[PDB]
Amino acid sequence: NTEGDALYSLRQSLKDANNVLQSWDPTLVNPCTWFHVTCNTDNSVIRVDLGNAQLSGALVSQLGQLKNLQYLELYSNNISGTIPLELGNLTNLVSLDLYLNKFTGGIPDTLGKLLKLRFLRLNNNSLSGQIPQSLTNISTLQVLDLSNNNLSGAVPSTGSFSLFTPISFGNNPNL
Amino acid sequence: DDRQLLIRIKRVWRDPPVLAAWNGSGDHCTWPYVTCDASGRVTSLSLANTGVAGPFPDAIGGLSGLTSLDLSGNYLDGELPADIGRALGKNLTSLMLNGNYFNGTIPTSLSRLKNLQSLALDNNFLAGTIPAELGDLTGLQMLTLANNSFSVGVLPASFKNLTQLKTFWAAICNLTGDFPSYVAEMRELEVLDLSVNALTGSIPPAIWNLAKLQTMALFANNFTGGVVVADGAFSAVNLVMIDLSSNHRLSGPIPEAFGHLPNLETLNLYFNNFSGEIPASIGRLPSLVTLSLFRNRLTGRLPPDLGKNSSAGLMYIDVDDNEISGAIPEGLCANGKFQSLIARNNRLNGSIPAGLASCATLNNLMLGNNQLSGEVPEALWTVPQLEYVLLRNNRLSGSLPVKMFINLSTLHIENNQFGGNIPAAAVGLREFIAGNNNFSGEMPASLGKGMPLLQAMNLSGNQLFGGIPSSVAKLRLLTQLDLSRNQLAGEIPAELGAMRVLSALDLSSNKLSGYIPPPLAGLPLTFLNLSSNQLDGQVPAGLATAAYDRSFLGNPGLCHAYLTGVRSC
Amino acid sequence: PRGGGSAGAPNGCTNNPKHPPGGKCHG
């Protein structure tokens, strides 16, 4: 199963202190029986909850083969690195939470191909660059909290960005 | 002069500390790892997993009379000399160069040493293709070329000249082509390990005629057709293992000759398209330990007799996706060591046997999506150890005990007709999913000290009444909650908004009343529906944006100071 | 040594969360 291999590759690139990924056996056929993973009735990974679990390291580019992922939560950790450019391949993603981390780099262009996104929070990070315009094409987006970062450039004011209030983009002196 | 030659090998390897006794101490025969014949010349050099490193020495060719040479498990690297067969020796029989870091291609001069009995160039970093000249060693007895970085190549036909082999370990060597037809002519084989490759063709009907096999393993290939073993040719009574494991195209019924092996211990025939009824002959073999048929198109029923013998070794059964019908075998755990039973996505009906519910050795029961009925015996939750129960989508009935096992960690009994009351202490549980059941009565008072490790709870569709416990907020690592379509009344707990990883709260179609808790807003919520209730007051500021549109609809006494079904204060 | 595996070691793919050690999931 490709989903199990992708999750195991994510495990290899992550260091854990209290061993919250001890049950991620790669020999199993389906990863639904694992812990912190929730599947649908067709044995497809549709939820991965890893919030407030002591972790460190960096993400991987293999987090793009989970086609039916709907909720990815990796907040309140010590992860560091750059957001993979393949995260835009998750067409069914509904909620992408990655706040309270130590990320750096820039918001990828590929996060504009998601037409089902509803939540997008990246609080307390160290991202830089400029806000991509592709965010305006996401009409279904409802919650956006790009604050406490090092972003710059111009704030979009067209599309779904019209309804958003200044609290969405706060504590960004270079914005 | 042999002392200088022997120490030159050490000098080449930068004087490893292991060979610290090789310093001119009289005779060299008392030196470790060195054996001499009656004449004093070295006859054996066994340096297995010692720790040496460096390139392959070229002075070893001066050690005339060498008979045994073992350099396995070390850190030797580089490239085998092209003239290895012209100077290394003439009386060697046990060349063992495996597990090293050797680069390059296999030298073709190895055919000039026709006295070998064991040649193992496996687990190295070789490249190229298996040379045909390697078939000139007609005296070989063990050839292992596995896990090498070869290229697309077919086994040479000259390998048909090796009629005395005892081990053919060609595990991973990028092979293609058809199945070798000369394998059935090696009437001395003990291990045959043609493993993951790109071979194609039909399994011959003559390979089952060699009465010396002990392990048969063909894991990943492109074999087609069906196992067509014929009557009057089955003679491999000593066969221990059969692992036709994953070919995706094997068809035909399972052979009836697999039920007459008095030493079989592992039968793996999954990931194929076998059809027909599973033979009833395999229910009396007093040696079987593992039966795995994960995914196939088998019809019929499970064999009636399975583990009835009190002195047996049956501990694993796994048929995870098939069209099997009938009833679960009665006497499964009679020996007292049964540990697993997986029959998901099938059409078996009946009831849980009384024997299976009293086996105090169980580890993993995974019956699900079948058409079972009846009542589950009350002893299934007390006597046997159980860490994974996945009884889903059945018509079973019963009543869980007050206290569950201390090591239960997964319970999926959704879409059933279970009754009784909710267990009050199931220490070690991490997934309690049970919906559309017939549970009744008030929920247990604490539910926060007997299950401190819960991660996901679902009790929708039940008939529970009473009130929400105030200790539910004490469950630290809980992510999903669901108590919808019930008759719960009372007040929403005020501390429910103080837990850490709450992210899914469904409390729709209930009889709750009161004010929405303010601290509920400060959560990483991704789903929420507090609708079809008798709540009163005003929606707290923050949970009123367009995201939470269909959440409070159906509440006559609710107003906002963007929402559907909510009036204005 | 360098790695495991020897002779006719069995396959590894199983659905059992608690299985005897040994093998790699092929298929």
# chains A, B, ... in the order shown; residues from 1 in each chain; ligands from 1

call {"tool": "closest_atom_pairs", "arguments": {"of": "chain B", "to": "chain A", "cutoff": "8 Å", "atoms": "only C-alpha atoms", "output": "CSV"}}
result
residue,atom,partner,partner_atom,distance
B:479,CA,A:49,CA,7.9
B:500,CA,A:52,CA,8.0
B:501,CA,A:51,CA,6.8
B:526,CA,A:95,CA,7.4
B:546,CA,A:142,CA,7.0
B:547,CA,A:142,CA,5.8

call {"tool": "interface_residues", "arguments": {"of": "chain C", "to": "chain A", "cutoff": "6 Å", "atoms": "only C-alpha atoms", "output": "list in words"}}
result
residues 12, 13, 14, 15 and 25 of chain C

call {"tool": "write_last_selection", "arguments": {"atoms": "N, CA, C and O atoms", "output": "short mmCIF file (atom, residue, chain, number, x, y, z; two decimals), in the first residue's frame"}}
result
data_model
loop_
_atom_site.label_atom_id
_atom_site.label_comp_id
_atom_site.auth_asym_id
_atom_site.auth_seq_id
_atom_site.Cartn_x
_atom_site.Cartn_y
_atom_site.Cartn_z
N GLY C 12 6.41 -11.21 4.45
CA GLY C 12 6.11 -10.40 5.61
C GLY C 12 4.73 -9.78 5.67
O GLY C 12 4.29 -9.37 6.75
N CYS C 13 4.04 -9.71 4.54
CA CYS C 13 2.75 -9.02 4.49
C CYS C 13 1.70 -9.78 5.29
O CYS C 13 1.33 -10.90 4.93
N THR C 14 1.22 -9.18 6.38
CA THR C 14 0.15 -9.73 7.19
C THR C 14 -0.72 -8.59 7.71
O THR C 14 -0.27 -7.44 7.79
N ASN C 15 -1.96 -8.91 8.06
CA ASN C 15 -2.84 -7.95 8.72
C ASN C 15 -2.78 -8.04 10.24
O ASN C 15 -3.41 -7.21 10.91
N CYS C 25 7.50 -6.93 3.60
CA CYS C 25 6.24 -6.98 2.87
C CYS C 25 6.51 -6.80 1.37
O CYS C 25 6.83 -5.69 0.92
#

call {"tool": "interface_residues", "arguments": {"of": "chain B", "to": "chain C", "cutoff": "8 Å", "atoms": "only C-alpha atoms", "output": "compact mmCIF listing (two decimals) with N, CA and C atoms, in the first residue's frame"}}
result
# COMPACT_ATOMS: atom_id res chain seq x y z
N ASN B 49 32.91 -12.39 10.29
CA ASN B 49 32.49 -11.24 11.10
C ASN B 49 33.50 -10.91 12.19
N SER B 72 33.31 -13.73 5.22
CA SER B 72 31.96 -13.19 5.24
C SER B 72 31.77 -12.21 6.39
N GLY B 73 30.88 -11.24 6.18
CA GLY B 73 30.46 -10.32 7.22
C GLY B 73 31.42 -9.19 7.52
N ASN B 74 32.57 -9.13 6.85
CA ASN B 74 33.55 -8.10 7.12
C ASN B 74 33.21 -6.83 6.34
N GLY B 99 28.21 -10.89 2.04
CA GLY B 99 27.96 -9.86 3.03
C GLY B 99 28.95 -8.72 3.04
N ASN B 100 29.85 -8.65 2.07
CA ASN B 100 30.88 -7.62 2.02
C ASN B 100 30.39 -6.43 1.18
N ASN B 123 24.55 -10.81 -1.21
CA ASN B 123 24.45 -9.59 -0.41
C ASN B 123 25.61 -8.64 -0.65
N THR B 167 21.18 -25.76 -2.56
CA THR B 167 20.57 -24.48 -2.19
C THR B 167 20.70 -23.55 -3.38
N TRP B 169 19.68 -19.94 -3.99
CA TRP B 169 19.19 -18.69 -3.42
C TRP B 169 19.43 -17.55 -4.41
N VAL B 191 16.50 -26.34 -0.51
CA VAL B 191 15.92 -25.00 -0.44
C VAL B 191 15.88 -24.43 -1.85
N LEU B 192 14.70 -23.99 -2.28
CA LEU B 192 14.53 -23.31 -3.56
C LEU B 192 13.94 -21.94 -3.28
N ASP B 193 14.69 -20.89 -3.60
CA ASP B 193 14.30 -19.53 -3.22
C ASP B 193 14.38 -18.59 -4.42
N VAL B 196 11.46 -12.50 -5.52
CA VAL B 196 10.86 -11.40 -6.27
C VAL B 196 11.69 -11.07 -7.51
N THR B 215 11.80 -26.07 1.68
CA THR B 215 11.30 -24.70 1.65
C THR B 215 11.07 -24.31 0.20
N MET B 216 9.83 -23.94 -0.12
CA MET B 216 9.46 -23.46 -1.44
C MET B 216 8.95 -22.03 -1.31
N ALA B 217 9.61 -21.10 -1.99
CA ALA B 217 9.29 -19.67 -1.85
C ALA B 217 9.40 -19.00 -3.21
N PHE B 219 7.82 -15.52 -4.20
CA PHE B 219 7.00 -14.46 -3.60
C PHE B 219 6.34 -13.59 -4.66
N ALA B 220 7.14 -12.88 -5.45
CA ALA B 220 6.59 -11.87 -6.36
C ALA B 220 7.10 -12.15 -7.76
N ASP B 243 5.15 -21.13 -0.26
CA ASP B 243 4.92 -19.69 -0.20
C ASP B 243 4.73 -19.09 -1.59
N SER B 245 3.11 -16.61 -2.98
CA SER B 245 2.63 -15.54 -2.12
C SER B 245 1.86 -14.46 -2.86
N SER B 246 2.39 -13.92 -3.96
CA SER B 246 1.74 -12.79 -4.62
C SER B 246 2.13 -12.80 -6.10
N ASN B 247 1.20 -13.25 -6.94
CA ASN B 247 1.40 -13.24 -8.39
C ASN B 247 0.28 -12.54 -9.15
N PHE B 271 -3.16 -13.06 -2.35
CA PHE B 271 -2.93 -12.11 -3.45
C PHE B 271 -2.93 -12.82 -4.81
N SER B 340 -5.21 -16.06 16.89
CA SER B 340 -5.68 -15.12 15.88
C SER B 340 -6.75 -15.79 15.02
N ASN B 363 -5.38 -13.41 20.92
CA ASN B 363 -4.71 -12.12 20.80
C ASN B 363 -5.43 -11.15 19.87
N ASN B 364 -6.03 -11.65 18.78
CA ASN B 364 -6.57 -10.76 17.75
C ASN B 364 -7.73 -11.47 17.06

call {"tool": "residues_around", "arguments": {"residues": "range 161-173 of chain A", "least_positions_apart": "3", "cutoff": "6 Å", "atoms": "only C-alpha atoms", "output": "list in words"}}
result
residues 144, 145, 146, 147, 148, 150, 157 and 158 of chain A

call {"tool": "write_last_selection", "arguments": {"atoms": "N, CA, C and O atoms", "output": "PDB file, in the first residue's frame"}}
result
ATOM      1  N   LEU A 144      -8.802  31.822   7.613  1.00  0.00           N
ATOM      2  CA  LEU A 144      -7.413  32.054   7.235  1.00  0.00           C
ATOM      3  C   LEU A 144      -6.775  32.913   8.313  1.00  0.00           C
ATOM      4  O   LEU A 144      -7.298  33.982   8.640  1.00  0.00           O
ATOM      5  N   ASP A 145      -5.660  32.448   8.869  1.00  0.00           N
ATOM      6  CA  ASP A 145      -5.025  33.093  10.014  1.00  0.00           C
ATOM      7  C   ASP A 145      -3.520  33.203   9.807  1.00  0.00           C
ATOM      8  O   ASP A 145      -2.723  32.809  10.660  1.00  0.00           O
ATOM      9  N   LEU A 146      -3.104  33.730   8.657  1.00  0.00           N
ATOM     10  CA  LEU A 146      -1.681  33.910   8.396  1.00  0.00           C
ATOM     11  C   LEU A 146      -1.122  35.058   9.228  1.00  0.00           C
ATOM     12  O   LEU A 146      -1.076  36.203   8.768  1.00  0.00           O
ATOM     13  N   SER A 147      -0.693  34.759  10.452  1.00  0.00           N
ATOM     14  CA  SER A 147      -0.187  35.769  11.368  1.00  0.00           C
ATOM     15  C   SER A 147       1.024  35.221  12.106  1.00  0.00           C
ATOM     16  O   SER A 147       1.266  34.011  12.131  1.00  0.00           O
ATOM     17  N   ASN A 148       1.785  36.136  12.709  1.00  0.00           N
ATOM     18  CA  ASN A 148       3.007  35.809  13.447  1.00  0.00           C
ATOM     19  C   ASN A 148       4.021  35.109  12.539  1.00  0.00           C
ATOM     20  O   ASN A 148       4.462  33.987  12.795  1.00  0.00           O
ATOM     21  N   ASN A 150       7.005  36.208   8.987  1.00  0.00           N
ATOM     22  CA  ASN A 150       7.890  37.208   8.403  1.00  0.00           C
ATOM     23  C   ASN A 150       7.568  37.396   6.925  1.00  0.00           C
ATOM     24  O   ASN A 150       8.456  37.439   6.072  1.00  0.00           O
ATOM     25  N   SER A 157      -6.706  41.467  -2.270  1.00  0.00           N
ATOM     26  CA  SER A 157      -7.991  42.044  -1.897  1.00  0.00           C
ATOM     27  C   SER A 157      -9.119  41.613  -2.829  1.00  0.00           C
ATOM     28  O   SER A 157     -10.204  42.204  -2.779  1.00  0.00           O
ATOM     29  N   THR A 158      -8.897  40.609  -3.669  1.00  0.00           N
ATOM     30  CA  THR A 158      -9.904  40.118  -4.595  1.00  0.00           C
ATOM     31  C   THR A 158     -10.341  38.712  -4.201  1.00  0.00           C
ATOM     32  O   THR A 158      -9.626  37.983  -3.507  1.00  0.00           O
TER      33      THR A 158
END

call {"tool": "residues_around", "arguments": {"residues": "range 446-459 of chain B", "least_positions_apart": "5", "cutoff": "7 Å", "atoms": "only C-alpha atoms", "output": "number ranges by chain"}}
result
B: 424-435, 469, 471-472, 474-475, 477-483

call {"tool": "residues_around", "arguments": {"residues": "residue 139 in chain A", "least_positions_apart": "5", "cutoff": "8 Å", "atoms": "only C-alpha atoms", "output": "PyMOL selection string"}}
result
chain A and resi 115+159-160

call {"tool": "write_last_selection", "arguments": {"atoms": "N, CA and C atoms", "output": "short mmCIF file (atom, residue, chain, number, x, y, z; two decimals), in the first residue's frame"}}
result
data_model
loop_
_atom_site.label_atom_id
_atom_site.label_comp_id
_atom_site.auth_asym_id
_atom_site.auth_seq_id
_atom_site.Cartn_x
_atom_site.Cartn_y
_atom_site.Cartn_z
N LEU A 115 -9.52 23.22 -4.36
CA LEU A 115 -10.82 23.88 -4.47
C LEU A 115 -11.78 23.47 -3.37
N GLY A 159 -11.54 38.34 -4.66
CA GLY A 159 -12.06 37.02 -4.35
C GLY A 159 -12.40 36.86 -2.88
N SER A 160 -12.20 35.63 -2.39
CA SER A 160 -12.55 35.30 -1.01
C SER A 160 -11.79 36.15 0.00
#

call {"tool": "decode", "arguments": {"residues": "chain C", "atoms": "N, CA, C and O atoms", "output": "PDB file, in the first residue's frame"}}
result
ATOM      1  N   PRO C   1      28.546  -8.531  10.008  1.00  0.00           N
ATOM      2  CA  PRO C   1      27.536  -8.791   8.976  1.00  0.00           C
ATOM      3  C   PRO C   1      27.050  -7.511   8.306  1.00  0.00           C
ATOM      4  O   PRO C   1      27.477  -6.420   8.684  1.00  0.00           O
ATOM      5  N   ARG C   2      26.166  -7.649   7.321  1.00  0.00           N
ATOM      6  CA  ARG C   2      25.600  -6.504   6.618  1.00  0.00           C
ATOM      7  C   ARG C   2      24.094  -6.403   6.787  1.00  0.00           C
ATOM      8  O   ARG C   2      23.580  -5.321   7.096  1.00  0.00           O
ATOM      9  N   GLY C   3      23.368  -7.501   6.595  1.00  0.00           N
ATOM     10  CA  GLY C   3      21.922  -7.471   6.695  1.00  0.00           C
ATOM     11  C   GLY C   3      21.373  -8.850   6.984  1.00  0.00           C
ATOM     12  O   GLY C   3      22.111  -9.835   7.072  1.00  0.00           O
ATOM     13  N   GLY C   4      20.054  -8.908   7.132  1.00  0.00           N
ATOM     14  CA  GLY C   4      19.357 -10.138   7.441  1.00  0.00           C
ATOM     15  C   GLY C   4      18.987 -10.930   6.204  1.00  0.00           C
ATOM     16  O   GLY C   4      19.544 -10.745   5.119  1.00  0.00           O
ATOM     17  N   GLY C   5      18.025 -11.832   6.380  1.00  0.00           N
ATOM     18  CA  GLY C   5      17.575 -12.688   5.300  1.00  0.00           C
ATOM     19  C   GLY C   5      18.499 -13.863   5.067  1.00  0.00           C
ATOM     20  O   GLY C   5      19.724 -13.706   5.072  1.00  0.00           O
ATOM     21  N   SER C   6      17.926 -15.045   4.851  1.00  0.00           N
ATOM     22  CA  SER C   6      18.720 -16.249   4.648  1.00  0.00           C
ATOM     23  C   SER C   6      17.835 -17.335   4.061  1.00  0.00           C
ATOM     24  O   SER C   6      16.722 -17.560   4.544  1.00  0.00           O
ATOM     25  N   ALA C   7      18.345 -18.004   3.026  1.00  0.00           N
ATOM     26  CA  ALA C   7      17.677 -19.138   2.394  1.00  0.00           C
ATOM     27  C   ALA C   7      16.240 -18.819   1.999  1.00  0.00           C
ATOM     28  O   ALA C   7      15.999 -17.947   1.159  1.00  0.00           O
ATOM     29  N   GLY C   8      15.284 -19.513   2.610  1.00  0.00           N
ATOM     30  CA  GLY C   8      13.889 -19.410   2.230  1.00  0.00           C
ATOM     31  C   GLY C   8      13.018 -18.681   3.234  1.00  0.00           C
ATOM     32  O   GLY C   8      11.922 -19.148   3.558  1.00  0.00           O
ATOM     33  N   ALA C   9      13.502 -17.551   3.739  1.00  0.00           N
ATOM     34  CA  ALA C   9      12.766 -16.805   4.750  1.00  0.00           C
ATOM     35  C   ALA C   9      11.381 -16.425   4.229  1.00  0.00           C
ATOM     36  O   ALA C   9      11.232 -16.089   3.048  1.00  0.00           O
ATOM     37  N   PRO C  10      10.352 -16.473   5.071  1.00  0.00           N
ATOM     38  CA  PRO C  10       8.984 -16.243   4.593  1.00  0.00           C
ATOM     39  C   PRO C  10       8.733 -14.789   4.225  1.00  0.00           C
ATOM     40  O   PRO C  10       9.542 -13.895   4.485  1.00  0.00           O
ATOM     41  N   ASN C  11       7.578 -14.565   3.602  1.00  0.00           N
ATOM     42  CA  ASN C  11       7.129 -13.215   3.299  1.00  0.00           C
ATOM     43  C   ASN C  11       6.667 -12.509   4.572  1.00  0.00           C
ATOM     44  O   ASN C  11       6.537 -13.115   5.641  1.00  0.00           O
ATOM     45  N   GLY C  12       6.409 -11.210   4.447  1.00  0.00           N
ATOM     46  CA  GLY C  12       6.114 -10.397   5.612  1.00  0.00           C
ATOM     47  C   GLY C  12       4.731  -9.781   5.673  1.00  0.00           C
ATOM     48  O   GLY C  12       4.288  -9.369   6.749  1.00  0.00           O
ATOM     49  N   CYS C  13       4.036  -9.705   4.540  1.00  0.00           N
ATOM     50  CA  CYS C  13       2.751  -9.015   4.495  1.00  0.00           C
ATOM     51  C   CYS C  13       1.701  -9.782   5.293  1.00  0.00           C
ATOM     52  O   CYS C  13       1.332 -10.904   4.929  1.00  0.00           O
ATOM     53  N   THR C  14       1.221  -9.175   6.378  1.00  0.00           N
ATOM     54  CA  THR C  14       0.146  -9.728   7.193  1.00  0.00           C
ATOM     55  C   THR C  14      -0.719  -8.588   7.711  1.00  0.00           C
ATOM     56  O   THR C  14      -0.272  -7.440   7.786  1.00  0.00           O
ATOM     57  N   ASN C  15      -1.965  -8.913   8.065  1.00  0.00           N
ATOM     58  CA  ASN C  15      -2.838  -7.947   8.719  1.00  0.00           C
ATOM     59  C   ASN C  15      -2.784  -8.038  10.237  1.00  0.00           C
ATOM     60  O   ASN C  15      -3.407  -7.211  10.913  1.00  0.00           O
ATOM     61  N   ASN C  16      -2.069  -9.015  10.786  1.00  0.00           N
ATOM     62  CA  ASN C  16      -2.024  -9.205  12.230  1.00  0.00           C
ATOM     63  C   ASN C  16      -1.193  -8.107  12.880  1.00  0.00           C
ATOM     64  O   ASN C  16      -0.010  -7.963  12.550  1.00  0.00           O
ATOM     65  N   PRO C  17      -1.758  -7.319  13.797  1.00  0.00           N
ATOM     66  CA  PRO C  17      -0.941  -6.330  14.517  1.00  0.00           C
ATOM     67  C   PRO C  17       0.128  -6.955  15.394  1.00  0.00           C
ATOM     68  O   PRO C  17       1.102  -6.276  15.738  1.00  0.00           O
ATOM     69  N   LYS C  18      -0.025  -8.225  15.767  1.00  0.00           N
ATOM     70  CA  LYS C  18       0.925  -8.928  16.626  1.00  0.00           C
ATOM     71  C   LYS C  18       1.313 -10.224  15.921  1.00  0.00           C
ATOM     72  O   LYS C  18       0.630 -11.243  16.063  1.00  0.00           O
ATOM     73  N   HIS C  19       2.404 -10.186  15.170  1.00  0.00           N
ATOM     74  CA  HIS C  19       2.877 -11.309  14.378  1.00  0.00           C
ATOM     75  C   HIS C  19       4.303 -11.648  14.777  1.00  0.00           C
ATOM     76  O   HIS C  19       5.025 -10.800  15.312  1.00  0.00           O
ATOM     77  N   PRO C  20       4.733 -12.889  14.553  1.00  0.00           N
ATOM     78  CA  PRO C  20       6.124 -13.233  14.829  1.00  0.00           C
ATOM     79  C   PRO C  20       7.057 -12.433  13.944  1.00  0.00           C
ATOM     80  O   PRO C  20       6.736 -12.136  12.778  1.00  0.00           O
ATOM     81  N   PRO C  21       8.228 -12.060  14.457  1.00  0.00           N
ATOM     82  CA  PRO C  21       9.135 -11.207  13.682  1.00  0.00           C
ATOM     83  C   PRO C  21       9.728 -11.937  12.488  1.00  0.00           C
ATOM     84  O   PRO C  21       9.842 -13.166  12.471  1.00  0.00           O
ATOM     85  N   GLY C  22      10.106 -11.159  11.478  1.00  0.00           N
ATOM     86  CA  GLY C  22      10.802 -11.727  10.324  1.00  0.00           C
ATOM     87  C   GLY C  22      10.064 -11.502   9.018  1.00  0.00           C
ATOM     88  O   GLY C  22       8.890 -11.837   8.866  1.00  0.00           O
ATOM     89  N   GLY C  23      10.772 -10.921   8.061  1.00  0.00           N
ATOM     90  CA  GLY C  23      10.276 -10.761   6.709  1.00  0.00           C
ATOM     91  C   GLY C  23      10.107  -9.303   6.322  1.00  0.00           C
ATOM     92  O   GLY C  23      10.189  -8.390   7.142  1.00  0.00           O
ATOM     93  N   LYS C  24       9.863  -9.111   5.028  1.00  0.00           N
ATOM     94  CA  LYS C  24       9.594  -7.804   4.450  1.00  0.00           C
ATOM     95  C   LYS C  24       8.392  -7.917   3.522  1.00  0.00           C
ATOM     96  O   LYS C  24       8.267  -8.879   2.760  1.00  0.00           O
ATOM     97  N   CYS C  25       7.504  -6.927   3.595  1.00  0.00           N
ATOM     98  CA  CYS C  25       6.241  -6.976   2.866  1.00  0.00           C
ATOM     99  C   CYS C  25       6.507  -6.797   1.375  1.00  0.00           C
ATOM    100  O   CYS C  25       6.830  -5.695   0.919  1.00  0.00           O
ATOM    101  N   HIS C  26       6.370  -7.883   0.618  1.00  0.00           N
ATOM    102  CA  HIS C  26       6.504  -7.875  -0.832  1.00  0.00           C
ATOM    103  C   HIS C  26       5.168  -8.249  -1.455  1.00  0.00           C
ATOM    104  O   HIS C  26       4.529  -9.216  -1.027  1.00  0.00           O
ATOM    105  N   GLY C  27       4.749  -7.486  -2.460  1.00  0.00           N
ATOM    106  CA  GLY C  27       3.500  -7.755  -3.148  1.00  0.00           C
ATOM    107  C   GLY C  27       2.559  -6.568  -3.179  1.00  0.00           C
ATOM    108  O   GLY C  27       2.716  -5.616  -2.416  1.00  0.00           O
TER     109      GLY C  27
END
